[PDB]
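In what follows, a structure is listed as structure tokens, so that the remarks can point back to it.
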Amino acid sequence: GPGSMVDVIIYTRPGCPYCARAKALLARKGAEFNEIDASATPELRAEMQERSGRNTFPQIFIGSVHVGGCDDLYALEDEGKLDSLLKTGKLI
């Protein structure tokens with residue numbers, strides 16, 4: 001259909017190196033995404049960190065699936081599949 005694009009959202013916090021790198025990496029390819037803070041609140045940071053199971057990491061939501069973080073972004077960009085993930089909004 002006329003409009004091969006999906007809504008992308010990213011959750012990060014002030015003072016996150018691994019997060020910034022991810023955001024820039026996604027912006028480099030030209031992938032637009034909404035930058036939102038998580039540390040802003042306990043719940044926003046809890047639900048996010050609860051998805052990964054660690055202290056705190058960058059969340060990359062593409063389409064209807066949750067990519068991951070700097071690891072998923074770096075691991076995906078290595079294969080060049082992310083381009084299709086942001087275009088289709090789903091996992092092959």
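Letters A, B, ... mark the chains of the structure tokens in the order given; residue numbers begin at 1 per chain; ligand numbers begin at 1, in order shown.
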So which residues touch residue 57 (chain A) within 8 Å, counting only C-alpha atoms, skipping near sequence neighbours fewer than 3 positions away, as a CSV table (one decimal) with C-alpha atoms, in the first residue's frame?
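Result file is result07.csv:
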```csv
chain,number,residue,atom,x,y,z
A,12,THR,CA,16.6,6.2,26.8
A,18,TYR,CA,25.2,2.8,25.0
A,19,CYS,CA,21.9,4.5,24.4
A,49,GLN,CA,14.0,-2.3,32.3
A,52,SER,CA,15.3,-6.6,29.3
A,54,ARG,CA,18.7,-5.6,33.7
A,69,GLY,CA,19.1,-2.0,22.5
```
### Task
Find the spatial neighbours of region 22-38 of chain A, counting only C-alpha atoms, within a cut-off of 7 Å - ignore same-chain residues fewer than 5 positions away - and output them as an NGL selection string.
:A and (8-13 or 44-45 or 69-70 or 73)
### Query
Hey, what's within 9 Å of residue 90 (chain A) if we count only C-alpha atoms and toss same-chain stuff fewer than 6 positions away? As a PyMOL selection string, please?
chain A and resi 62-65+84
Write the residues of the selection above to a file with C-alpha atoms, as a PDB file, in the first residue's frame.
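part-v2.pdb written:
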```pdb
ATOM      1  CA  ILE A  62      10.031  -1.068  15.747  1.00  0.00           C
ATOM      2  CA  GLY A  63       6.564  -1.558  14.294  1.00  0.00           C
ATOM      3  CA  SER A  64       4.855  -4.061  16.582  1.00  0.00           C
ATOM      4  CA  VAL A  65       7.983  -5.779  17.897  1.00  0.00           C
ATOM      5  CA  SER A  84      13.660  -4.234   6.497  1.00  0.00           C
TER       6      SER A  84
END
```
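Distance check against residue 88 (chain A) using only C-alpha atoms: of A:41, A:46, A:5, A:71, the minimum falls on A:5.
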#### Entry: DSSP-assigned strand (DSSP E or B) among chain A, expressed as a list in words
residues 8, 9, 10, 11, 12, 34, 35, 36, 37, 59, 60, 61, 62, 65, 66, 67 and 68 of chain A
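Coordinates place CA of residue 4 (chain A) at a distance of 27.7 Å from CA of residue 51 (chain A).
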Output as a short mmCIF file (atom, residue, chain, number, x, y, z; two decimals) with N, CA and C atoms, in the first residue's frame all residues of chain A that backbone DSSP marks as helix (DSSP H, G or I).
```cif
data_model
loop_
_atom_site.label_atom_id
_atom_site.label_comp_id
_atom_site.auth_asym_id
_atom_site.auth_seq_id
_atom_site.Cartn_x
_atom_site.Cartn_y
_atom_site.Cartn_z
N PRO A 17 25.57 6.18 27.59
CA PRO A 17 26.47 6.10 26.43
C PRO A 17 26.00 5.08 25.40
N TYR A 18 25.70 3.88 25.86
CA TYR A 18 25.24 2.81 24.98
C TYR A 18 23.96 3.21 24.26
N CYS A 19 23.15 4.04 24.92
CA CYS A 19 21.89 4.50 24.36
C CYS A 19 22.14 5.49 23.22
N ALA A 20 22.92 6.53 23.50
CA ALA A 20 23.24 7.54 22.51
C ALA A 20 23.75 6.91 21.22
N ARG A 21 24.69 5.98 21.36
CA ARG A 21 25.26 5.29 20.20
C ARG A 21 24.17 4.66 19.34
N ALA A 22 23.21 4.02 20.00
CA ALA A 22 22.11 3.37 19.30
C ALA A 22 21.28 4.39 18.53
N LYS A 23 20.87 5.45 19.21
CA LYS A 23 20.06 6.50 18.59
C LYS A 23 20.75 7.04 17.34
N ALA A 24 22.03 7.37 17.47
CA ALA A 24 22.80 7.90 16.35
C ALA A 24 22.88 6.89 15.21
N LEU A 25 23.08 5.62 15.56
CA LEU A 25 23.17 4.56 14.57
C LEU A 25 21.89 4.48 13.74
N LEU A 26 20.75 4.57 14.42
CA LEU A 26 19.45 4.51 13.76
C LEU A 26 19.21 5.76 12.92
N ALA A 27 19.67 6.90 13.43
CA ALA A 27 19.50 8.17 12.73
C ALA A 27 20.43 8.26 11.52
N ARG A 28 21.54 7.54 11.59
CA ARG A 28 22.52 7.54 10.51
C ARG A 28 21.91 6.96 9.23
N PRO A 42 9.57 6.32 37.58
CA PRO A 42 9.91 4.98 38.09
C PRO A 42 9.22 3.87 37.30
N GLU A 43 7.96 4.10 36.94
CA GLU A 43 7.19 3.12 36.19
C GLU A 43 7.72 2.99 34.76
N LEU A 44 7.90 4.13 34.10
CA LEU A 44 8.39 4.15 32.73
C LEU A 44 9.74 3.45 32.63
N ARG A 45 10.56 3.61 33.67
CA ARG A 45 11.88 2.99 33.69
C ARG A 45 11.80 1.55 34.19
N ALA A 46 10.76 1.26 34.98
CA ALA A 46 10.56 -0.08 35.52
C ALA A 46 10.05 -1.04 34.45
N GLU A 47 8.99 -0.63 33.76
CA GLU A 47 8.41 -1.45 32.70
C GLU A 47 9.41 -1.70 31.58
N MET A 48 10.22 -0.68 31.29
CA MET A 48 11.23 -0.79 30.24
C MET A 48 12.36 -1.73 30.65
N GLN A 49 12.95 -1.46 31.81
CA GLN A 49 14.04 -2.28 32.32
C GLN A 49 13.56 -3.69 32.63
N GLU A 50 12.26 -3.83 32.89
CA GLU A 50 11.68 -5.13 33.20
C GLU A 50 11.61 -6.01 31.96
N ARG A 51 11.57 -5.38 30.79
CA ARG A 51 11.51 -6.10 29.53
C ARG A 51 12.86 -6.74 29.20
N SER A 52 13.94 -6.07 29.60
CA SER A 52 15.28 -6.57 29.35
C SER A 52 15.75 -7.47 30.49
N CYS A 70 21.44 -1.41 22.24
CA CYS A 70 22.69 -1.25 21.52
C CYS A 70 23.17 -2.58 20.95
N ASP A 71 22.89 -3.66 21.67
CA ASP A 71 23.29 -4.99 21.23
C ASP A 71 22.48 -5.43 20.02
N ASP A 72 21.16 -5.29 20.12
CA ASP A 72 20.27 -5.68 19.03
C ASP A 72 20.48 -4.79 17.81
N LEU A 73 20.73 -3.51 18.05
CA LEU A 73 20.96 -2.55 16.97
C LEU A 73 22.28 -2.83 16.26
N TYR A 74 23.31 -3.15 17.04
CA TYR A 74 24.62 -3.44 16.49
C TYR A 74 24.65 -4.82 15.84
N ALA A 75 23.90 -5.75 16.41
CA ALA A 75 23.83 -7.11 15.89
C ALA A 75 22.99 -7.17 14.62
N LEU A 76 21.97 -6.31 14.55
CA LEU A 76 21.09 -6.27 13.39
C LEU A 76 21.74 -5.51 12.24
N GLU A 77 22.28 -4.33 12.54
CA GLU A 77 22.94 -3.51 11.54
C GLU A 77 24.08 -4.27 10.87
N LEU A 82 17.96 -4.71 9.71
CA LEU A 82 17.25 -3.62 10.38
C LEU A 82 16.49 -2.76 9.36
N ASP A 83 17.10 -2.56 8.20
CA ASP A 83 16.48 -1.77 7.14
C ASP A 83 15.09 -2.29 6.81
N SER A 84 14.94 -3.61 6.80
CA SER A 84 13.66 -4.23 6.50
C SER A 84 12.75 -4.24 7.72
N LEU A 85 13.36 -4.25 8.90
CA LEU A 85 12.61 -4.26 10.15
C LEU A 85 11.88 -2.93 10.36
N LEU A 86 12.53 -1.84 9.96
CA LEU A 86 11.94 -0.51 10.10
C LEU A 86 11.00 -0.21 8.93
N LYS A 87 11.20 -0.90 7.82
CA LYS A 87 10.37 -0.71 6.64
C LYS A 87 9.10 -1.55 6.73
N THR A 88 9.23 -2.78 7.21
CA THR A 88 8.09 -3.67 7.35
C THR A 88 7.45 -3.54 8.73
#
```
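A straight line drawn from CA of residue 40 (chain A) to CA of residue 60 (chain A) is 17.2 Å long.
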### Message
One decimal, in Å: what's the spacing between CA of residue 6 (chain A) and CA of residue 89 (chain A)?
### Response
5.5 Å
### Query
In terms of the shortest atom-to-atom distance over only C-alpha atoms, which of A:79, A:68, A:92, A:59 is closest to residue 16 (chain A)?
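For residue 16 (chain A), the nearest of the candidates is A:59.
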